[PDB]
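To start, the structure itself, in structure tokens.
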Amino acid sequence: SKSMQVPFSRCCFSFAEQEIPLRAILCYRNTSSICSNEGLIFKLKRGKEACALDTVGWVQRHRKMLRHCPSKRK
Numbered sequence: 001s002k003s004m005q006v007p008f009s010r011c012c013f014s015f016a017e018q019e020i021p022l023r024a025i026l027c028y029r030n031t032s033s034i035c036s037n038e039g040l041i042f043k044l045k046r047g048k049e050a051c052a053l054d055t056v057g058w059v060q061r062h063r064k065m066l067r068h069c070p071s072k073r074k
């Protein structure tokens, strides 16, 4: 109890490879090297985050406008 880390977590299975727009996303942030192949993550309004690679393409336009999420407590 209270040993491991609740948030953060590891990579995901289904990333945001689709054409997810900014209307659904709020912020993006790179993850650890657990992915072992460009690990990226995002933030949505639903009250959660989304997994991604890093330089997929649609991330650039998202990160070009948005930036690395501040703090580390949701």
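Numbering (PDB author numbering), first residue to last: 1 to 74.
Yeah, the Cβ is synthetic: ideal placement off N, Cα and C, and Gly gets one too.
Under the assumption that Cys69 contacts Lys43 (Cβ atoms under 8 Å), give the Cβ distance between them as a whole number of angstroms.
6 Å
Quick check on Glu17: buried or exposed, where buried means 16 or more other Cβ atoms within 10 Å of its Cβ?
The residue in question, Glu17, is exposed, as its Cβ has fewer than 16 Cβ neighbours within 10 Å.
What are the residues that DSSP puts in a beta bridge with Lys48?
Paired residues: none, contrary to the question.
Between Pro7, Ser1, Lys2 and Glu19, which has its C-alpha nearest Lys72's C-alpha?
Closest option to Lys72, Cα to Cα, is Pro7.
Would you mind working out which of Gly47, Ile34 and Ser3 sits nearest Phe13, comparing C-alpha positions?
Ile34
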